[PDB]
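To start, the structure itself, in structure tokens.
Protein chains: 2
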Amino acid sequence: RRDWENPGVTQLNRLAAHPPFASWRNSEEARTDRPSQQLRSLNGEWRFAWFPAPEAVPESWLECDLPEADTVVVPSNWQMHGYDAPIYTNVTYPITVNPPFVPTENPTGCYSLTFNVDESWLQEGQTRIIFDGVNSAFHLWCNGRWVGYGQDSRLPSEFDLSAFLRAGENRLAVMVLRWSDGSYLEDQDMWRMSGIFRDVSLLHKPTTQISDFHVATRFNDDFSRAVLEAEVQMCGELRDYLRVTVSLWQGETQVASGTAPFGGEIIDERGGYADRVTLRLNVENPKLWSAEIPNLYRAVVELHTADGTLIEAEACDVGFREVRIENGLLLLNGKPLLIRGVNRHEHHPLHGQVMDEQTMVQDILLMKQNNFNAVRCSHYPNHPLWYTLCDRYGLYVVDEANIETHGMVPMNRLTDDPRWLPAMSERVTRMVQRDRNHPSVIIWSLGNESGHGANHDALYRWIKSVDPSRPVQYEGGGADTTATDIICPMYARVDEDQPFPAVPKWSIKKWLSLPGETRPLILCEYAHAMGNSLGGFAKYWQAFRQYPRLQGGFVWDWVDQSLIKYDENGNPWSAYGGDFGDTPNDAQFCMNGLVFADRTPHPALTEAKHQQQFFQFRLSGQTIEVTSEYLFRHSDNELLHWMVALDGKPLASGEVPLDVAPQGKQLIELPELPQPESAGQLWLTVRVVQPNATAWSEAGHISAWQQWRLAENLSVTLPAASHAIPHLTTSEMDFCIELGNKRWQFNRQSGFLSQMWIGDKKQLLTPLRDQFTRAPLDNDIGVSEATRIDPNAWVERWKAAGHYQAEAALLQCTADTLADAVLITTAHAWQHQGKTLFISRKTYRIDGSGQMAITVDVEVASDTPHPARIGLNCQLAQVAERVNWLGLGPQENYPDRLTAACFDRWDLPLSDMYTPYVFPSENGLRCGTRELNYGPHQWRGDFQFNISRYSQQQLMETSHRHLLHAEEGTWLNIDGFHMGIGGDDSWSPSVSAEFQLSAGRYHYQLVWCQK
Amino acid sequence: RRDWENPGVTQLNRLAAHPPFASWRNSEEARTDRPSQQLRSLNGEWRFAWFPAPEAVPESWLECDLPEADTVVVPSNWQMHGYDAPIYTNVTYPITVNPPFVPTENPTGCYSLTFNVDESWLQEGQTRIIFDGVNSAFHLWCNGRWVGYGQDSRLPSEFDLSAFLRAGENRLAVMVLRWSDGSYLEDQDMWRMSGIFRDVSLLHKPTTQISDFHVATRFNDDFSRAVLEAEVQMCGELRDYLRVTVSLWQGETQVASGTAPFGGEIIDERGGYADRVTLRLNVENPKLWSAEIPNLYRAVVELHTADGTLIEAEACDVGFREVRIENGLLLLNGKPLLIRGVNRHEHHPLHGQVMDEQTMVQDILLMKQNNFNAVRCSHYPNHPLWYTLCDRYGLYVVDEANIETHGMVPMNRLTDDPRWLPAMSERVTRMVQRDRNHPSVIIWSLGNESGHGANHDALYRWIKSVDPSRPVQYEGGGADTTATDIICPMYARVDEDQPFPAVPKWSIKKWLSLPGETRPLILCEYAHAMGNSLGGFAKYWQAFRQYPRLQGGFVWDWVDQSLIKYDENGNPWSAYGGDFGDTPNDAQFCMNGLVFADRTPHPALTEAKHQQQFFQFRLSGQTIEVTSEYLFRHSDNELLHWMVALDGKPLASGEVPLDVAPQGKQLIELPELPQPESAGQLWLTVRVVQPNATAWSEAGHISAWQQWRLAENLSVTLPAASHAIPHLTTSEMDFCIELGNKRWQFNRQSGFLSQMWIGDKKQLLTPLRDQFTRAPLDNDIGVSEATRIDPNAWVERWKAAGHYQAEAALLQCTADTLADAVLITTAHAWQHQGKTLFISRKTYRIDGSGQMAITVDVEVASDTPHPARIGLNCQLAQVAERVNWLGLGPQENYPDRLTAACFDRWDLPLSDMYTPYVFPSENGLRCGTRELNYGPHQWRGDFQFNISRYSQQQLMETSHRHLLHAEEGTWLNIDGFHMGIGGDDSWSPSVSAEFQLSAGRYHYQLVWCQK
Ligand SMILES: [Mg+2]
Ligand SMILES: [Mg+2]
Ligand SMILES: [Mg+2]
Ligand SMILES: [Mg+2]
Ligand SMILES: [Mg+2]
Ligand SMILES: [Mg+2]
Ligand code: NA
Ligand code: NA
Ligand code: NA
Ligand code: NA
Ligand code: NA
Ligand code: NA
Ligand code: NA
Ligand code: NA
């Protein structure tokens, strides 16, 4: 039948979808959510055999184990076990586009399990098997007999095995196909894997059972009263003695309960549902659920007989909350939300797409610790435990249907085709049927990047009809179609319009007020965090805070989809597209996370934490105004620590308890701050501390901070005249300057400081020269390739202009003796094919104190692409252990990504001044630095800098971080100016104009001396 | 696989749906809609074999003809050939309700055909087979190889046979299943049949072909300009030299043309449709389409090469019209419609559900001739020729999806189930894909009686998305749900509310103004024409005309679903539910038409024609005001004939040409009418005549009429005193009255006139006695049964009260002699178990002229159900050929159904005074009669009457008209009063209060004499 090549057949003998079941036969266990003897896990060691196609599978496999098979753990993706290669492709389908057909050579995974089934399970009731996730399609056999078929890799497929099981030994045979017609709806930008990657289990239900139940909570105007409504459905034989009791619990206290026989209200001319009943419980002053305070109740659903005999019980956590859009605003419990979200794929560097509780908990803790309050299930229903955790820890969730047809041309070719409506409807409807009782789910999503088709409108309406408690959104076809309650664009910029034909991405501020538009706007994806990114992040948040209808968005994305591979010595390294022989592929594009695959944070995470803070501050005189952005909670676990320091030197500090009502303000009067004697800039730093630990954070957790420049005293005191005076020796090839054991050498041919001596020790390995380029960031490269150049990409414009090829041409080099110092003057012209790109004019002034003052003045041709940087660089001979500096830090920060950085005195080990981005590029910069110390060296001024054992050249010639090798000495890049990194997206220039080096003329000065 | 027991599989290898194709290879042929050499018909003689189940079919059948098979005509329903019984069931499913399963004993029809195929059809292109209708599911094999499967009995299933055919002879094998999961969605109230009941054909298309095309027409505010937009889609190899040309023709005049290469506009990020193109043609002053004037243009779609070489051409008729709902009104070309519709099932008394052109044309002509302008396809897509005819003859059509699950409990059990969405969507989407280019289709319907489920909302939105040119309606779940643009109730009454729980049927006038309601209201079904019905029809039309938002409705229904059977002697008769051994069944309920199965009109049709007239009249003095209800046409084929008559005697007449603009008025001044000498009532009668013949009517066709009472001269002249005097001979047992050769005999024991003589010739066969009952009409019976009594039905209330058992008890009987006459006085009491139901007091006065004046005064107990009638009856010995009367006629008319009847002198053969309703009951009544003549008899007064060879008793004891037998003499029923017949529905009392005999006391007088 080749059911895997027919969108008309998405399953065979599959049971109806429903909320999580456990079939407890004890009410107390259901109330407390303890394990159930009726729900058994079949996870563990299974037998596995790989085949090139289903036609290659031997019939004997259905009867008994294949001796060639191996024993492997399940759940798992067989690519992670090495049976075949995982494929990383973004848009382009991994298979030829010829729906509904797939390749004849279709990798087939044959799984099998011999397990015991107790007689008692077969004597009565129904025994079903549940596959929470099988990628992408599969046939099931039990004890040699065919049971069924199923599609949709991200939702559970259940089958009744009651008639196939025998007391004792039983054997399951599961033939999993890598490709199927279902694959046409699973073109998400991620690794393409397959296998039984989610839990497998057995559930025993009585013949007369609870087959489904829906929980809803409605409120009065002030939420002081609520009505919990529970619709319960049954299957089996109806008897008048049957009953349903729904009890609601607050901890161990029962707050309400309702009991009734089956038989719903009349719905039409033929009557009502005899096999259904709806219980309604009144709740006074319910404790409301939110990501701020995840208050939860326990709802226990008991199916029993009138005389009190329990048949079975099911249950779920209940969160009393209302989600609604009113007057253009998305409200939660009557208050306008501000979504601090992030998109999160289910990815593990070692296990592939198999999820586990520990990894899920780790992600949630890091998310809340970094001020996120929402997550989008990009782009498919998640592992069931995820929603349970989000309910309890408190995170707003966008549950998304597993539908993405990005590679189609046009994108809506299938979604607008009525023949594909059946396949699509199952992916939407079964998701809703499964997750509708989770309070954390506040919005439904029709899928991702599948254009806009009539199928979307039909399914949008279906959800509005079955579940009016949640808004429905969908970005396809322009982000504001008739299939979405929320304007949810991806990568729309703050102020800049991108007028693409048919599907323009308007500035978000402009989008809101388009003629006739009234909906709220929340980006489903924004701030592409690929590599050294997140430049301009603060621009989004300033807009979110100023515009009521701009209610946030979800960053793209949480974690890099890099995979682990090993070298000959067994050392693991991070791999991406193409590293498994997979081709075609989209290389680095699978890595766009705020954290590395092992959950180690990228520098950008801190920028997100800061901009997403829940407390805002303003300074006026001695008064600090604290404003709360919390909607429901008071600041009852917050303390404000303040500190004043003069150039890193603390002068005063203290702490004040925070008592701010949600949306409220608090005024904190700072004590009389003493005036510092020494000259310099006084800085005020405040930070909110959480004294007590929480379920998601440790005691002392810092949730927010802010800095302000206070009084400044300009230094007007002249340095004590050094009785000493430098000496200038002159040869026809050099200009030397000595002062004690110190010597400065200037090559009169190149015009650069080629060497410095402190005794008999050389200080430089490479001359001090100007630098106007940087090892290209992912944002500088975009989608440009060696065989497919994107002339519009920054890196391509720099290359074409000759910025990387430019040769320094000496125009002038002179030296002069002053009453107390030696003056060296140089002038260079960087050209490319007769074109003068830059002109650098410098003056070096060495005085009796051994301090070298370097003054640089650069001219940039107005018609050459703006340079990535304007600074100097050299390879120092020294290799010290620490790097001490007075400037923005402690983490890596760039011009358009430095709001989170604080000004102070920082000291770190050299290795921390390098950011291990899987794909190497310019990195580790620190801006607004007034003083830098390394080894015996000290540089003073106002510059940006990065320092490491890797040259810009090696960084731009290496594709993977594990291939980098520490060079001799230490490479130092000191810039007077540095271009922004951008990030609004990573496939087109995204560096805002104000962060481009377009002034035409630049000036900066440095002072080099021995610390 | 048992695909017929899986709603997940509704087809296998079926081609996509699309508008009618013919694949012309000559553009002129396509323009003229002449037959296409590429579209062949396979209709004719096929081989057929019946089996009790699919498992009983021999494998050899796939290879060669079964010698036991018979040769039968196709299309056809095998029940009509006698292979098994057709089943008539209304709501209750004909099979056990256990979705998706059907009976194991599943009648299976094995059809096969050996046919030839020109080799040229196989040398190039694609050859497909098309089954326009197969009831209910089927598998297809070609030359022994399995081709595909298909469901949905009312839409075409197409399969590509290119790879299965050979030159010369080929053999098709079609296994048709009577029951399938599809049957759960086909529970319409009609005969349940099966087989290949619609055309079968072969279509040849080129490899590069037109695969679909959509035509739309948009207009400016005053419809003086239009833009015809044609989207054309292709399949096959794309080449830049391919072109599509769309030409629009008005007769033999090409009004517009457009040519372009393939390649649509950009729709999303992935581009646009390279395999599509949209042509836009401007049309100035387009001739608009409407049911009033069906103006049509011809659109020819040519797929060709740049060098002008034609590849293929398709085409369709185009009607320029706009359908939209604005401010609560349904508008057609900017004007509010008034729907004069009727529901029409595809039914033929001999061929079952097989439709043919002649029958379709006959129905359309009769419909338009009786002032109908709209038809509803109850309850499934019709034979494709139907829409073509409606486009050309001019009728508004409601195209309805083949979805009805009436027998489910509750009614929406399947429609609210997401697992049934796939099956449902195919029935809606494939209908739209097939009929969207027909101008006659102005509204889409989601189906019928399937409650209201989320599936309905999803499909409602799908249509609004793919075709915004037509409103969508659906009655299920309350008639005003979120799945309907029109409030479309069935059997909602005019003034009376029917507050059923959940799905009330409010008075239509009240429905319109319910809080928040703004939609237009058009009944999808009203005025149940079952048997002697349509009482109260005028009440609906008075409301439709007074309320702008009450825009009409569709009568239920067009033709009786009676079937022909032959007795032993091979004589045909009309049969209904149960007559084929089918059980359970719903008997007479399959007959609700305005016309008999053979299209002979029921009396009610004329009432509909009259109330649905397009011209309204008012009389003021000598002025007749004519108002036109036409929206677009002028009365350019209308003449007004007027006539004045005194008691049937014409005095003056004439004709005036009608010149009325749509919605306009015309004043016609009647000449000075001469005053009649004789006493009596002058009557004015006007009628609109169509001098010229049309496509739907003959010259002289009468489209409307109206009557008014003019001056009346009461007779004050006393009759010439007769020179004779009757004699009274009194005996113990009798009261005799003699006059010449005439004798009157009053039985003193019974108190009734038992005999009258004229010589030796007896006048009566049965005494003249009071009558207060009638042979129950279908509306009197409702759903009451012998084994399932409905105590609320009129017939049951009459029976329970003893109205049919009541015995006359003589209270007084006297004789008197007057100066010029003899006076007989009687008094009777009709009782039942000690209860006096009625009291009848009479006086008979016989004078010298031989005239007998009868005065009757009846008392009706206020606590007994109101009587069906109050009159006298007797069996006359005479049997004359003609019946002459001065009263309402000429056709049967009742108190609540007599507006169409005219007052005049009528003369008909006795047989026409009897209405052959298949189910016998009271019939043939004529109201407002002042004089009745039959044989030598003449009755004068003001009464209602019926006269025939069938007694009320025989009529109420006979189930079928063919079992009736003319009794001796003639039965005469003369009523002073008669109860209304009702009809708002036929399952609950529907006779309006004003037509119930509830006065308590009645009086009427008659005069019996010789003509
Ligand atoms: Mg499939
Ligand atoms: Mg994508
Ligand atoms: Mg700051
Ligand atoms: Mg089926
Ligand atoms: Mg029905
Ligand atoms: Mg009249
Ligand atoms: Na906002
Ligand atoms: Na990506
Ligand atoms: Na606090
Ligand atoms: Na690099
Ligand atoms: Na009206
Ligand atoms: Na009926
Ligand atoms: Na005329
Ligand atoms: Na009868």
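As given, the protein sequences belong to chains 2 and 3, one line each in that order.
So the mapping is simple: the entry's author numbering equals the position in the first sequence, first residue as 1, plus 12.
So the mapping is simple: the entry's author numbering equals the position in the second sequence, first residue as 1, plus 12.
Just so it is clear, CB atoms sit at the ideal spot from N, CA and C, and this is done for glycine as well.
Would you identify the three-state DSSP class for residue i, choosing helix, strand or coil?
| i | result |
| --- | --- |
| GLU438 (chain 2) | helix |
| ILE475 (chain 3) | helix |
| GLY283 (chain 2) | strand |
| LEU830 (chain 3) | coil |
| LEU177 (chain 3) | coil |
| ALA327 (chain 3) | strand |
| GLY353 (chain 3) | strand |
| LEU967 (chain 2) | helix |
| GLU75 (chain 2) | helix |
| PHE1007 (chain 2) | helix |
Would you kindly report the start and end of the unbroken alpha helix (DSSP H) that includes residue i?
| i | result |
| --- | --- |
| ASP403 (chain 2) | 396-405 |
| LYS522 (chain 3) | 520-524 |
I need the boundaries of the beta strand (DSSP E) containing residue i, first residue and last residue.
| i | result |
| --- | --- |
| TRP16 (chain 3) | Note, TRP16 (chain 3): premise wrong, no beta strand (DSSP E); not H, not E. |
| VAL567 (chain 2) | 562-567 |
| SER259 (chain 3) | 254-262 |
| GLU637 (chain 3) | 635-640 |
Please check the pair residue i and residue j, which I expect to be a contact at CB under 8 Å, by giving their CB distance rounded to whole angstroms.
| i | j | result |
| --- | --- | --- |
| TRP570 (chain 3) | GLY605 (chain 3) | 6 Å |
| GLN600 (chain 2) | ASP802 (chain 2) | Their Cβ separation, rounded to whole angstroms, is 14 Å, which puts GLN600 (chain 2) and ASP802 (chain 2) out of contact at 8 Å. |
Next on the checklist: Residues of the region 448-470 of chain 3 in Cβ contact with chain 2 at a cutoff of 9 Å, in chain order, please.
Outcome noted: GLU461, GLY463, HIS464, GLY465, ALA466, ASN467, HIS468, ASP469 and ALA470
Checklist entry - Got a sec: which bits of the region 264-284 of chain 2 sit with their beta carbon under 9 Å from any beta carbon on chain 3, in order along the chain? => result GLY276, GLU277, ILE278, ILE279, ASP280, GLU281, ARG282, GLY283 and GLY284
Item to check | Cβ-based contacts, 7 Å cut-off: residues of the region 423-441 of chain 3 near chain 2 | outcome: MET423, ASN424, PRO430, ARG431, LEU433, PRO434, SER437 and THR441
Checklist entry - Relative to chain 2, which residues along the region 473-486 of chain 3 have a C-beta separation below 7 Å, given in chain order? => result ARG473, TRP474, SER477 and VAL478
Next on the checklist: If the cut-off is 7 Å on Cβ atoms, which residues from the region 510-544 of chain 2 count as contacting chain 3, listed in chain order?
Outcome noted: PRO513, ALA514 and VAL515
Next on the checklist: By the 7 Å beta-carbon criterion, what residues does the region 232-254 of chain 3 contribute toward chain 2?
Outcome noted: none
Checklist entry - Hey, which unbroken runs of the beta strand (DSSP E) at 3 residues or more fall wholly within the region 884-939 of chain 2? => result 894-901 and 914-921
Next on the checklist: In chain order, what are the residue ranges of uninterrupted alpha helix (DSSP H) at least 4 long that sit wholly in the region 527-580 of chain 3?
Outcome noted: 549-558
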